[PDB]
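> Have a look at the structure that comes next, please.
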Protein chains: 4
Amino acid sequence: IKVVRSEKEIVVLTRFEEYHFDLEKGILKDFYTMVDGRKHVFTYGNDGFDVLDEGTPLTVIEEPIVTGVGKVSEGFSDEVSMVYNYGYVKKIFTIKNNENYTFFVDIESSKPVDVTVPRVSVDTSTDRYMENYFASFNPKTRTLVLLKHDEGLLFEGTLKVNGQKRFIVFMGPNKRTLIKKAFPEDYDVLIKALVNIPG
Amino acid sequence: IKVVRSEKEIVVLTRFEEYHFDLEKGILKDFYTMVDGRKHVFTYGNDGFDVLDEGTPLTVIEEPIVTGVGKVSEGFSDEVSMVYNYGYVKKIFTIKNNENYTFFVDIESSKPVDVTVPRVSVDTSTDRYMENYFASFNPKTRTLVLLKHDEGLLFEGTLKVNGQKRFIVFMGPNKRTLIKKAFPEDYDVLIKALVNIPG
Amino acid sequence: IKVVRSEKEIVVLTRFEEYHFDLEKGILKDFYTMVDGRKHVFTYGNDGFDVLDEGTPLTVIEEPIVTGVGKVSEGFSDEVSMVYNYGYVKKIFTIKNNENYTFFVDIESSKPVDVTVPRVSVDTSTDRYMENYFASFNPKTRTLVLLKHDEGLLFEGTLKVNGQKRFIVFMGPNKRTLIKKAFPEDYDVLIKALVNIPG
Amino acid sequence: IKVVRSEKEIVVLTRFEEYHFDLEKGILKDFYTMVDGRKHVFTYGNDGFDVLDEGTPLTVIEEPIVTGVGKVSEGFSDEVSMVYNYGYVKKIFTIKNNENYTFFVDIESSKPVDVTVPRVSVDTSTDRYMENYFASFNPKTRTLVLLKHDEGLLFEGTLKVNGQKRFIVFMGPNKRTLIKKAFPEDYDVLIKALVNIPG
C-alpha cells in the first residue's frame, strides 16, 4: 500500500507485511511481518526468486518498473506490481491490499529458466515437497511459506518455467483461515498434509 | 460483497451500493445508493446495457454465471463478476470492493453490436457528450453517471462494440475524490467539463 | 459496406472510401476518398496489386467471389472480402467498416510471385522505402499510402510473395490517429520517419 | 534433447523417447519409449509421414537441417527441429523437452500431397477415425497414437496437405494427464471416445 523506492531497493509496506526487493536481480531480499511487532521472518539466501538460466543467475537489463491501480498519496491503494525485465524473461511481483500474506509471481520466458523458491526454515526437516505445493516452516518465528507451483510431485527445489506461468505465494503466520482464502480448492488436503511438519 | 441470486434477478450488495441485474437480457435493472439512506437512483428504461445486434435487442443463450475472488461466507470478499453469453457476444460485469461506485463492463463480440448506456437524468438537459466520456446527472438525487467509452466525440448514444472492449462506469454521488480515483488521468478536463451541467 | 458488381468491375463504398476493382486481373483500378468531397486519389498505373509470374501479369482462372459478414440490405455491414483465384495464387482483399482507410490483402502462392504496390505520387520524390513499410505521398491531393510489406528494407518496389502473407494497406489522409490505429506497434517509428517526405 | 546424426539416420533422444528418422524420404523410421525399459513401439511400414505427391513417394531435394533452441553440450536443451525440403513441400518435425510424448509436424506444400500416418496397431481393429483425430492403439505395447489432423471426419487414412498445416502427434502411453496437456480443448471428447477401443 506504501511504496518507497530507494537507490538500493524497493520497499512495499502494508499494515502487516513489509517486503524488500532489490534492483538488479529481481529477488525478494527481505520479508517482515508486523502483526506482533516487526519480525524479520525471511531473508535472502540464494532463494529469493532468482532467475537461473542454464546454471547462472540472470540480472535485469533495465531498472524495474513500479505500477498499480489506485495511486493514492502514499503509492497505491489496492494493488502494487513490480516488473523485472531480463530480456527474454519477464517477472512481475503483485501485492494486493487483501492483508492475506499472499503475493503473486507472474513469470514469462522464451527459453526455460529456473526460479529458486524461498525457504524460511533453518533446516530441511521442516520443509515439505507436496503435490503442486512447496511448504516451508520456521518454528522460531512460526512462519509458513506455501508456494503453489503446479508441478505435481515433479518439483525439485526450483521452479522450472517455460512460457507463461503464475505462482501464488503465501508467506505469513500459521493462520488457517488465511490459507483457506489463499488456496480454497486444495485447503483440505493442504492442512491435512501440513500436520506432518512439527508445527 | 454479498450476492443474492433469486429466480428473477441477481442482486449485488456492498456497504454503499445495491445492484440489480436480470437473468434474460443481461441488463442492469436497478441501482441504489445507500450512503444517505436507501435511494433508488437508477432504474431500467431501455438503457441498462442492452445488447442490440442489428436493431433488435438480444437475449442470453444460457443463465448468467457468477464468479469472483475471495469466496467468503456471504458470497465474495473482494470481487464479483457476472457472465452473460449471447452466443456471439459475451458481456461481463465486474464489481470490486473498492467502495468507489465504479464497475466494469468487459464486452466481446464477433460482429458489431450496440450497447445502450444508462441515464439517470430526467431530461437530456443534464446530459453531456464529451471526449471519450458520457455524463448523466440527476439533480433531484444528486447522482452522477460517468461512462468512459473511448469513442472520442463520435459517440451517438449507444456503445459500438466489435471485438474486445472494456468500459469503466462511475455511478454514484458527485464526490470529487471518487471521480479522481476512477479516472486519474482525465480528471482535470472531466471535472472542468462537468461544471457546465447544472450541478 | 456497399458492393456494386457491374459485369465489368466491383465497386466497394463506405462513408469515406470508394474502391474500384477489375474482374480479370484482380487489380485495384481506382480509389476515391470522399471525406472532403469525391476526390480521385488513385488511378491504376501498373501497380494496382498486379500479380507478376516473371514480368508476366496473371489473370484469375475464375470470376472473383464476394463474401462478408452481416449481410445487410446493401451488401454487408462490417466486412467485405473479394477472392481472386489465379489457380496457383489466391488474393483476398478485405475491407472492414473501421472507417480507417485501411484494407487488407491476404495472399497465398505456390511459387514465388511479385505483386505491384499502388503509388499515389507523381514522382519518386515523395516516396520512402522504410523498414517493413512502403510510403507514397501525393502533395497535391494530400493522400498517403502506407503498405506493411514486412520485407525489412529488402523491398525493391514489388511484394515478393511465396506462401502465405498478409499485407496491411493504409490509403488515405495523413491523420496521425488513423496511423496509430492501423499500425499500433510501429506507429512512433513510422510517424517520425514520415517527416522526411514533404508532408 | 540429444541429437545423433549418423549420415544414414538422425536419432533424437529424450528421457522417455527415442526417434529414428531417415535422411532421404523424411520418414519416421522407428520409435522407442523408455519409461518401462527400451520398448520398440513403432516401426515404419509405409506410414512414417511419407509425402505421396500423387502416386509415388517424394525424396528431399537436399539433406535435412537440424536446428533448435538452447544448444547445450548434447545438441539442444529444449527444442529440436528437423527440416525436410522436397522442393515444393517443406516438412518440419519439432520435438520439445516437454516429456509429453508429443511432437509436431509443420508442413507446407505448393500442390496437394498426401502424408501417411503412423500406426502402432497390429490390425485395423484397434484404430479409430474420429472427429479431427486419428487414433491407433496397440494392446500388447500399451502404446497410443493420437494425431490431430483437423480434417473432421473427412480423414481417409492419409493427411491431405495443400498450404500450411500443423499436425500435433501424441505417441506414447495411455495417460490421461498427458492427453489433457497435449489437447486441452478437446481432451474430454477425445478421452471419452477412446473407451470404444479395447484398451
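Here, A, B, ... name the chains of the C-alpha cells in the order displayed, residue numbers run from 1 inside each chain, and ligands are numbered from 1 in the same displayed order.
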Could you give me, as a PDB file with N, CA and C atoms, in the first residue's frame, the residues within 10 Å of range 150-154 of chain B, counting only C-alpha atoms and dropping anything in the same chain fewer than 6 positions from it?


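The result, stored in around.pdb:
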ATOM      1  N   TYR B 129     -22.227  14.860 -23.779  1.00  0.00           N
ATOM      2  CA  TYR B 129     -21.487  14.000 -24.696  1.00  0.00           C
ATOM      3  C   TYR B 129     -20.087  14.590 -24.836  1.00  0.00           C
ATOM      4  N   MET B 130     -19.144  14.062 -24.069  1.00  0.00           N
ATOM      5  CA  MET B 130     -17.791  14.590 -24.004  1.00  0.00           C
ATOM      6  C   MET B 130     -16.790  13.622 -24.627  1.00  0.00           C
ATOM      7  N   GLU B 131     -15.586  14.140 -24.870  1.00  0.00           N
ATOM      8  CA  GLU B 131     -14.487  13.348 -25.414  1.00  0.00           C
ATOM      9  C   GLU B 131     -14.277  12.069 -24.617  1.00  0.00           C
ATOM     10  N   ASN B 132     -14.597  10.922 -25.217  1.00  0.00           N
ATOM     11  CA  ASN B 132     -14.399   9.594 -24.635  1.00  0.00           C
ATOM     12  C   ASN B 132     -15.292   9.317 -23.437  1.00  0.00           C
ATOM     13  N   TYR B 133     -16.213  10.221 -23.104  1.00  0.00           N
ATOM     14  CA  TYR B 133     -16.988  10.081 -21.879  1.00  0.00           C
ATOM     15  C   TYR B 133     -18.421  10.515 -22.107  1.00  0.00           C
ATOM     16  N   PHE B 134     -19.358   9.731 -21.580  1.00  0.00           N
ATOM     17  CA  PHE B 134     -20.757  10.121 -21.477  1.00  0.00           C
ATOM     18  C   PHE B 134     -21.062  10.470 -20.030  1.00  0.00           C
ATOM     19  N   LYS B 160     -20.683   1.344 -29.520  1.00  0.00           N
ATOM     20  CA  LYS B 160     -20.397   0.478 -30.647  1.00  0.00           C
ATOM     21  C   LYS B 160     -19.344  -0.524 -30.201  1.00  0.00           C
ATOM     22  N   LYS B 165     -13.636  -4.910 -25.727  1.00  0.00           N
ATOM     23  CA  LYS B 165     -13.628  -3.553 -25.200  1.00  0.00           C
ATOM     24  C   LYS B 165     -14.040  -3.584 -23.734  1.00  0.00           C
ATOM     25  N   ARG B 166     -13.430  -2.715 -22.928  1.00  0.00           N
ATOM     26  CA  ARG B 166     -13.757  -2.572 -21.514  1.00  0.00           C
ATOM     27  C   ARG B 166     -14.271  -1.171 -21.257  1.00  0.00           C
ATOM     28  N   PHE B 167     -15.416  -1.078 -20.593  1.00  0.00           N
ATOM     29  CA  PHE B 167     -15.999   0.199 -20.214  1.00  0.00           C
ATOM     30  C   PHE B 167     -15.915   0.365 -18.705  1.00  0.00           C
ATOM     31  N   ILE B 168     -15.469   1.537 -18.265  1.00  0.00           N
ATOM     32  CA  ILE B 168     -15.438   1.893 -16.852  1.00  0.00           C
ATOM     33  C   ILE B 168     -16.619   2.810 -16.578  1.00  0.00           C
TER      34      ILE B 168
END

> Show which residues sit within 8 Å of residue 127 in chain B, as an NGL selection string. Count only C-alpha atoms, and ignore same-chain residues fewer than 5 positions away.

:B and (121 or 134-137 or 197)

> Residues of chain D were defined as contacting chain C if any atom lay at most 10 Å from it, counting only C-alpha atoms; please report them as a PyMOL selection string.

chain D and resi 88+108-111+162-164

> Save out the residues we just selected, N, CA, C and O atoms, as a compact mmCIF listing (two decimals), in the first residue's frame.


# COMPACT_ATOMS: atom_id res chain seq x y z
N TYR D 88 8.93 -28.51 -53.43
CA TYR D 88 7.62 -27.91 -53.33
C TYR D 88 6.88 -28.36 -52.09
O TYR D 88 5.71 -28.01 -51.91
N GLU D 108 4.13 -27.67 -45.30
CA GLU D 108 3.74 -26.65 -46.26
C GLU D 108 3.99 -27.18 -47.65
O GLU D 108 5.12 -27.56 -47.97
N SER D 109 2.95 -27.23 -48.48
CA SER D 109 3.13 -27.69 -49.84
C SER D 109 2.66 -26.62 -50.81
O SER D 109 1.93 -25.70 -50.45
N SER D 110 3.13 -26.75 -52.05
CA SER D 110 2.68 -25.92 -53.16
C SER D 110 1.51 -26.54 -53.91
O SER D 110 0.70 -25.81 -54.50
N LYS D 111 1.41 -27.86 -53.90
CA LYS D 111 0.32 -28.59 -54.54
C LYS D 111 -0.17 -29.66 -53.58
O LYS D 111 0.54 -30.04 -52.64
N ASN D 162 -2.26 -29.01 -48.41
CA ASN D 162 -2.36 -28.06 -49.52
C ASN D 162 -2.26 -26.66 -48.92
O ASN D 162 -3.27 -25.97 -48.71
N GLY D 163 -1.02 -26.24 -48.66
CA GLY D 163 -0.75 -24.99 -47.97
C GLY D 163 0.04 -25.23 -46.69
O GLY D 163 0.91 -26.11 -46.65
N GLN D 164 -0.28 -24.45 -45.66
CA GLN D 164 0.35 -24.57 -44.34
C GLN D 164 -0.58 -25.32 -43.41
O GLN D 164 -1.74 -24.93 -43.23

> How would you write, as a VMD selection string, the set of residues in range 21-181 of chain A that DSSP gives as strand (DSSP E or B)?

chain A and resid 21 28 to 33 35 37 39 to 43 51 to 52 57 65 to 67 71 76 79 to 85 89 to 96 102 to 109 113 to 116 127 to 130 133 to 138 143 to 148 158 to 161 164 to 173

> What are the coordinates of chain B as a PDB file with C-alpha atoms, in the first residue's frame following a least-squares fit to chain C on all in-order C-alpha atoms?


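Output (superposed25.pdb):
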ATOM      1  CA  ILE B   1     -20.502  -1.544 -46.639  1.00  0.00           C
ATOM      2  CA  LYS B   2     -22.175  -1.282 -50.082  1.00  0.00           C
ATOM      3  CA  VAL B   3     -21.142  -3.604 -52.911  1.00  0.00           C
ATOM      4  CA  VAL B   4     -22.071  -2.923 -56.543  1.00  0.00           C
ATOM      5  CA  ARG B   5     -20.888  -5.614 -58.971  1.00  0.00           C
ATOM      6  CA  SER B   6     -21.240  -4.400 -62.551  1.00  0.00           C
ATOM      7  CA  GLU B   7     -20.076  -6.292 -65.651  1.00  0.00           C
ATOM      8  CA  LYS B   8     -16.710  -4.541 -65.787  1.00  0.00           C
ATOM      9  CA  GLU B   9     -15.736  -4.020 -62.130  1.00  0.00           C
ATOM     10  CA  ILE B  10     -16.708  -4.389 -58.493  1.00  0.00           C
ATOM     11  CA  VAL B  11     -17.286  -1.216 -56.471  1.00  0.00           C
ATOM     12  CA  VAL B  12     -17.025  -1.193 -52.677  1.00  0.00           C
ATOM     13  CA  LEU B  13     -18.491   1.909 -51.005  1.00  0.00           C
ATOM     14  CA  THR B  14     -18.251   3.053 -47.389  1.00  0.00           C
ATOM     15  CA  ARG B  15     -19.061   6.456 -45.910  1.00  0.00           C
ATOM     16  CA  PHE B  16     -15.584   7.831 -46.739  1.00  0.00           C
ATOM     17  CA  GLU B  17     -13.939   5.395 -49.208  1.00  0.00           C
ATOM     18  CA  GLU B  18     -14.749   4.277 -52.748  1.00  0.00           C
ATOM     19  CA  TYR B  19     -12.875   1.266 -54.117  1.00  0.00           C
ATOM     20  CA  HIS B  20     -12.924  -0.018 -57.694  1.00  0.00           C
ATOM     21  CA  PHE B  21     -11.596  -3.514 -58.461  1.00  0.00           C
ATOM     22  CA  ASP B  22     -11.485  -5.165 -61.882  1.00  0.00           C
ATOM     23  CA  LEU B  23     -12.758  -8.611 -62.824  1.00  0.00           C
ATOM     24  CA  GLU B  24      -9.884 -10.050 -64.931  1.00  0.00           C
ATOM     25  CA  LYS B  25      -6.575  -9.209 -63.255  1.00  0.00           C
ATOM     26  CA  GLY B  26      -7.487  -8.834 -59.578  1.00  0.00           C
ATOM     27  CA  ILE B  27      -6.210  -5.252 -59.501  1.00  0.00           C
ATOM     28  CA  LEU B  28      -7.307  -2.155 -57.619  1.00  0.00           C
ATOM     29  CA  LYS B  29      -8.582   0.023 -60.468  1.00  0.00           C
ATOM     30  CA  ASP B  30      -9.413   3.230 -58.622  1.00  0.00           C
ATOM     31  CA  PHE B  31      -9.691   4.703 -55.164  1.00  0.00           C
ATOM     32  CA  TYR B  32     -11.611   7.772 -54.028  1.00  0.00           C
ATOM     33  CA  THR B  33     -11.819   9.447 -50.662  1.00  0.00           C
ATOM     34  CA  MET B  34     -15.106  11.121 -49.822  1.00  0.00           C
ATOM     35  CA  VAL B  35     -14.167  12.936 -46.618  1.00  0.00           C
ATOM     36  CA  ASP B  36     -13.843  16.355 -48.365  1.00  0.00           C
ATOM     37  CA  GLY B  37     -15.882  15.688 -51.478  1.00  0.00           C
ATOM     38  CA  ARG B  38     -15.362  12.912 -53.976  1.00  0.00           C
ATOM     39  CA  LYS B  39     -11.610  13.028 -54.665  1.00  0.00           C
ATOM     40  CA  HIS B  40      -9.885  10.700 -57.157  1.00  0.00           C
ATOM     41  CA  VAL B  41      -6.713   9.991 -55.194  1.00  0.00           C
ATOM     42  CA  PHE B  42      -5.557   6.688 -56.670  1.00  0.00           C
ATOM     43  CA  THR B  43      -5.713   5.409 -60.219  1.00  0.00           C
ATOM     44  CA  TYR B  44      -4.259   2.274 -61.760  1.00  0.00           C
ATOM     45  CA  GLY B  45      -0.950   2.604 -63.578  1.00  0.00           C
ATOM     46  CA  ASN B  46       0.795  -0.771 -63.437  1.00  0.00           C
ATOM     47  CA  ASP B  47       0.703  -0.855 -59.686  1.00  0.00           C
ATOM     48  CA  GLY B  48      -2.698  -2.019 -58.455  1.00  0.00           C
ATOM     49  CA  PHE B  49      -1.496  -5.297 -56.891  1.00  0.00           C
ATOM     50  CA  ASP B  50      -0.855  -6.958 -60.255  1.00  0.00           C
ATOM     51  CA  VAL B  51       0.286 -10.541 -59.744  1.00  0.00           C
ATOM     52  CA  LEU B  52       3.495 -10.998 -61.774  1.00  0.00           C
ATOM     53  CA  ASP B  53       4.528 -14.631 -62.038  1.00  0.00           C
ATOM     54  CA  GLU B  54       7.963 -14.836 -63.652  1.00  0.00           C
ATOM     55  CA  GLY B  55       7.961 -11.479 -65.434  1.00  0.00           C
ATOM     56  CA  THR B  56       4.468 -11.321 -66.924  1.00  0.00           C
ATOM     57  CA  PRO B  57       1.154 -10.405 -65.259  1.00  0.00           C
ATOM     58  CA  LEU B  58      -1.355 -13.131 -64.472  1.00  0.00           C
ATOM     59  CA  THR B  59      -5.105 -13.215 -64.965  1.00  0.00           C
ATOM     60  CA  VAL B  60      -7.691 -15.069 -62.915  1.00  0.00           C
ATOM     61  CA  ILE B  61      -9.068 -18.450 -63.937  1.00  0.00           C
ATOM     62  CA  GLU B  62     -12.589 -17.688 -62.673  1.00  0.00           C
ATOM     63  CA  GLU B  63     -14.704 -14.638 -61.884  1.00  0.00           C
ATOM     64  CA  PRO B  64     -13.920 -13.150 -58.433  1.00  0.00           C
ATOM     65  CA  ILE B  65     -16.058 -14.085 -55.436  1.00  0.00           C
ATOM     66  CA  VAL B  66     -17.578 -11.521 -53.039  1.00  0.00           C
ATOM     67  CA  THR B  67     -18.226 -12.546 -49.435  1.00  0.00           C
ATOM     68  CA  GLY B  68     -18.411 -10.879 -46.044  1.00  0.00           C
ATOM     69  CA  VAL B  69     -20.102 -10.807 -42.669  1.00  0.00           C
ATOM     70  CA  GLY B  70     -23.341  -9.086 -41.720  1.00  0.00           C
ATOM     71  CA  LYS B  71     -25.254  -9.442 -44.997  1.00  0.00           C
ATOM     72  CA  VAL B  72     -27.488  -6.362 -44.842  1.00  0.00           C
ATOM     73  CA  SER B  73     -29.967  -5.008 -47.399  1.00  0.00           C
ATOM     74  CA  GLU B  74     -27.086  -3.070 -49.018  1.00  0.00           C
ATOM     75  CA  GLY B  75     -24.444  -5.771 -49.201  1.00  0.00           C
ATOM     76  CA  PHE B  76     -22.583  -6.338 -45.944  1.00  0.00           C
ATOM     77  CA  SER B  77     -22.537  -4.490 -42.672  1.00  0.00           C
ATOM     78  CA  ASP B  78     -19.110  -5.081 -41.159  1.00  0.00           C
ATOM     79  CA  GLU B  79     -16.758  -6.855 -43.585  1.00  0.00           C
ATOM     80  CA  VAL B  80     -16.409  -7.397 -47.339  1.00  0.00           C
ATOM     81  CA  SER B  81     -13.923  -9.740 -48.998  1.00  0.00           C
ATOM     82  CA  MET B  82     -13.055 -10.372 -52.637  1.00  0.00           C
ATOM     83  CA  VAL B  83     -11.431 -13.612 -53.726  1.00  0.00           C
ATOM     84  CA  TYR B  84      -9.291 -13.798 -56.836  1.00  0.00           C
ATOM     85  CA  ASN B  85      -8.068 -17.182 -58.020  1.00  0.00           C
ATOM     86  CA  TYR B  86      -5.031 -17.320 -60.312  1.00  0.00           C
ATOM     87  CA  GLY B  87      -4.834 -21.104 -60.050  1.00  0.00           C
ATOM     88  CA  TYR B  88      -1.627 -21.347 -58.092  1.00  0.00           C
ATOM     89  CA  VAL B  89      -2.180 -17.887 -56.565  1.00  0.00           C
ATOM     90  CA  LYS B  90      -5.083 -16.836 -54.351  1.00  0.00           C
ATOM     91  CA  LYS B  91      -5.497 -13.138 -53.514  1.00  0.00           C
ATOM     92  CA  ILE B  92      -8.132 -11.761 -51.132  1.00  0.00           C
ATOM     93  CA  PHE B  93      -8.948  -8.095 -50.467  1.00  0.00           C
ATOM     94  CA  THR B  94     -10.670  -7.386 -47.162  1.00  0.00           C
ATOM     95  CA  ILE B  95     -12.360  -4.110 -46.252  1.00  0.00           C
ATOM     96  CA  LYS B  96     -13.816  -3.675 -42.754  1.00  0.00           C
ATOM     97  CA  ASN B  97     -16.210  -0.988 -41.627  1.00  0.00           C
ATOM     98  CA  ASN B  98     -13.620   0.539 -39.313  1.00  0.00           C
ATOM     99  CA  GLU B  99     -13.654   3.800 -41.370  1.00  0.00           C
ATOM    100  CA  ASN B 100      -9.862   3.785 -41.137  1.00  0.00           C
ATOM    101  CA  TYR B 101      -8.788   3.862 -44.818  1.00  0.00           C
ATOM    102  CA  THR B 102      -7.149   0.502 -44.073  1.00  0.00           C
ATOM    103  CA  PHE B 103      -7.654  -2.683 -46.036  1.00  0.00           C
ATOM    104  CA  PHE B 104      -5.998  -6.105 -46.067  1.00  0.00           C
ATOM    105  CA  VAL B 105      -4.429  -8.145 -48.862  1.00  0.00           C
ATOM    106  CA  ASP B 106      -4.241 -11.807 -47.807  1.00  0.00           C
ATOM    107  CA  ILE B 107      -2.257 -13.587 -50.500  1.00  0.00           C
ATOM    108  CA  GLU B 108      -1.117 -17.177 -51.060  1.00  0.00           C
ATOM    109  CA  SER B 109       1.001 -18.849 -53.726  1.00  0.00           C
ATOM    110  CA  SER B 110       2.568 -22.166 -54.657  1.00  0.00           C
ATOM    111  CA  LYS B 111       5.523 -20.587 -56.479  1.00  0.00           C
ATOM    112  CA  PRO B 112       7.119 -17.187 -55.810  1.00  0.00           C
ATOM    113  CA  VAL B 113       5.270 -14.275 -57.447  1.00  0.00           C
ATOM    114  CA  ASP B 114       5.506 -10.479 -57.471  1.00  0.00           C
ATOM    115  CA  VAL B 115       2.769  -8.066 -56.430  1.00  0.00           C
ATOM    116  CA  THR B 116       3.174  -4.484 -57.638  1.00  0.00           C
ATOM    117  CA  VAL B 117       2.511  -1.791 -55.022  1.00  0.00           C
ATOM    118  CA  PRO B 118       0.231   1.254 -55.496  1.00  0.00           C
ATOM    119  CA  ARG B 119       1.781   4.715 -55.748  1.00  0.00           C
ATOM    120  CA  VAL B 120      -0.246   7.899 -55.290  1.00  0.00           C
ATOM    121  CA  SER B 121       2.720  10.214 -55.846  1.00  0.00           C
ATOM    122  CA  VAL B 122       3.363  11.967 -59.151  1.00  0.00           C
ATOM    123  CA  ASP B 123       7.138  11.378 -58.784  1.00  0.00           C
ATOM    124  CA  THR B 124       9.526   9.209 -56.791  1.00  0.00           C
ATOM    125  CA  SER B 125      10.617  12.241 -54.753  1.00  0.00           C
ATOM    126  CA  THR B 126       7.733  11.801 -52.276  1.00  0.00           C
ATOM    127  CA  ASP B 127       8.173   8.006 -51.970  1.00  0.00           C
ATOM    128  CA  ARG B 128       9.945   6.285 -49.080  1.00  0.00           C
ATOM    129  CA  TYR B 129      11.383   2.769 -48.798  1.00  0.00           C
ATOM    130  CA  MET B 130      11.403   2.174 -45.039  1.00  0.00           C
ATOM    131  CA  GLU B 131      11.923  -0.788 -42.716  1.00  0.00           C
ATOM    132  CA  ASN B 132       9.001  -3.166 -43.435  1.00  0.00           C
ATOM    133  CA  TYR B 133       6.997  -0.289 -44.931  1.00  0.00           C
ATOM    134  CA  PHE B 134       6.503   1.405 -48.287  1.00  0.00           C
ATOM    135  CA  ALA B 135       5.251   4.993 -48.161  1.00  0.00           C
ATOM    136  CA  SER B 136       3.862   7.105 -51.005  1.00  0.00           C
ATOM    137  CA  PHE B 137       2.517  10.628 -50.593  1.00  0.00           C
ATOM    138  CA  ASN B 138       0.679  12.853 -53.044  1.00  0.00           C
ATOM    139  CA  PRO B 139       1.072  16.488 -51.905  1.00  0.00           C
ATOM    140  CA  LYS B 140      -1.601  17.690 -54.340  1.00  0.00           C
ATOM    141  CA  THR B 141      -4.332  15.482 -52.869  1.00  0.00           C
ATOM    142  CA  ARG B 142      -2.669  15.168 -49.424  1.00  0.00           C
ATOM    143  CA  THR B 143      -2.959  11.384 -49.818  1.00  0.00           C
ATOM    144  CA  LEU B 144      -0.792   8.905 -47.913  1.00  0.00           C
ATOM    145  CA  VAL B 145      -0.201   5.245 -48.804  1.00  0.00           C
ATOM    146  CA  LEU B 146       1.451   3.124 -46.092  1.00  0.00           C
ATOM    147  CA  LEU B 147       1.982  -0.558 -46.947  1.00  0.00           C
ATOM    148  CA  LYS B 148       3.346  -2.915 -44.282  1.00  0.00           C
ATOM    149  CA  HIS B 149       5.293  -5.450 -46.338  1.00  0.00           C
ATOM    150  CA  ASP B 150       7.550  -7.018 -43.657  1.00  0.00           C
ATOM    151  CA  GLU B 151      10.454  -7.299 -46.121  1.00  0.00           C
ATOM    152  CA  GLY B 152      12.787  -5.274 -43.859  1.00  0.00           C
ATOM    153  CA  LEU B 153      14.711  -2.863 -46.110  1.00  0.00           C
ATOM    154  CA  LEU B 154      14.997  -5.620 -48.742  1.00  0.00           C
ATOM    155  CA  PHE B 155      11.902  -4.339 -50.557  1.00  0.00           C
ATOM    156  CA  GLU B 156      12.629  -3.556 -54.219  1.00  0.00           C
ATOM    157  CA  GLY B 157       9.348  -2.073 -55.486  1.00  0.00           C
ATOM    158  CA  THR B 158       7.380  -5.341 -55.745  1.00  0.00           C
ATOM    159  CA  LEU B 159       6.061  -7.575 -52.974  1.00  0.00           C
ATOM    160  CA  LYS B 160       7.777 -10.944 -53.091  1.00  0.00           C
ATOM    161  CA  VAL B 161       5.122 -13.545 -52.254  1.00  0.00           C
ATOM    162  CA  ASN B 162       5.779 -17.238 -51.633  1.00  0.00           C
ATOM    163  CA  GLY B 163       3.437 -19.153 -49.366  1.00  0.00           C
ATOM    164  CA  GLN B 164       1.037 -17.205 -47.134  1.00  0.00           C
ATOM    165  CA  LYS B 165       1.379 -13.494 -46.434  1.00  0.00           C
ATOM    166  CA  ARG B 166      -0.917 -10.677 -45.271  1.00  0.00           C
ATOM    167  CA  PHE B 167      -0.351  -7.051 -46.232  1.00  0.00           C
ATOM    168  CA  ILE B 168      -1.916  -4.149 -44.329  1.00  0.00           C
ATOM    169  CA  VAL B 169      -2.514  -1.146 -46.587  1.00  0.00           C
ATOM    170  CA  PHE B 170      -3.353   2.328 -45.292  1.00  0.00           C
ATOM    171  CA  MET B 171      -4.563   4.616 -48.068  1.00  0.00           C
ATOM    172  CA  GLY B 172      -6.088   7.963 -47.242  1.00  0.00           C
ATOM    173  CA  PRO B 173      -5.597  11.283 -45.525  1.00  0.00           C
ATOM    174  CA  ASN B 174      -2.540  12.144 -43.473  1.00  0.00           C
ATOM    175  CA  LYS B 175      -4.328  11.773 -40.115  1.00  0.00           C
ATOM    176  CA  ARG B 176      -2.196  10.916 -37.085  1.00  0.00           C
ATOM    177  CA  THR B 177      -4.895   8.938 -35.207  1.00  0.00           C
ATOM    178  CA  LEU B 178      -5.772   6.704 -38.159  1.00  0.00           C
ATOM    179  CA  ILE B 179      -2.124   5.757 -38.695  1.00  0.00           C
ATOM    180  CA  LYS B 180      -1.849   4.925 -34.993  1.00  0.00           C
ATOM    181  CA  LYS B 181      -4.995   2.804 -35.276  1.00  0.00           C
ATOM    182  CA  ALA B 182      -3.528   1.055 -38.332  1.00  0.00           C
ATOM    183  CA  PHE B 183       0.008   0.380 -37.031  1.00  0.00           C
ATOM    184  CA  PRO B 184       0.006   0.797 -33.238  1.00  0.00           C
ATOM    185  CA  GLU B 185       3.436  -0.664 -32.548  1.00  0.00           C
ATOM    186  CA  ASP B 186       5.546   0.907 -35.322  1.00  0.00           C
ATOM    187  CA  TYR B 187       3.681   4.242 -35.098  1.00  0.00           C
ATOM    188  CA  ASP B 188       6.475   6.240 -33.413  1.00  0.00           C
ATOM    189  CA  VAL B 189       9.268   5.265 -35.822  1.00  0.00           C
ATOM    190  CA  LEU B 190       6.900   5.398 -38.802  1.00  0.00           C
ATOM    191  CA  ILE B 191       5.796   8.972 -38.293  1.00  0.00           C
ATOM    192  CA  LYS B 192       9.227  10.196 -37.244  1.00  0.00           C
ATOM    193  CA  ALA B 193      10.277   8.790 -40.627  1.00  0.00           C
ATOM    194  CA  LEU B 194       7.367  10.322 -42.558  1.00  0.00           C
ATOM    195  CA  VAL B 195       8.503  13.779 -41.443  1.00  0.00           C
ATOM    196  CA  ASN B 196      11.251  13.561 -44.088  1.00  0.00           C
ATOM    197  CA  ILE B 197       8.742  13.521 -46.990  1.00  0.00           C
ATOM    198  CA  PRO B 198       7.575  17.051 -47.997  1.00  0.00           C
ATOM    199  CA  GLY B 199       4.166  16.744 -46.352  1.00  0.00           C
TER     200      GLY B 199
END
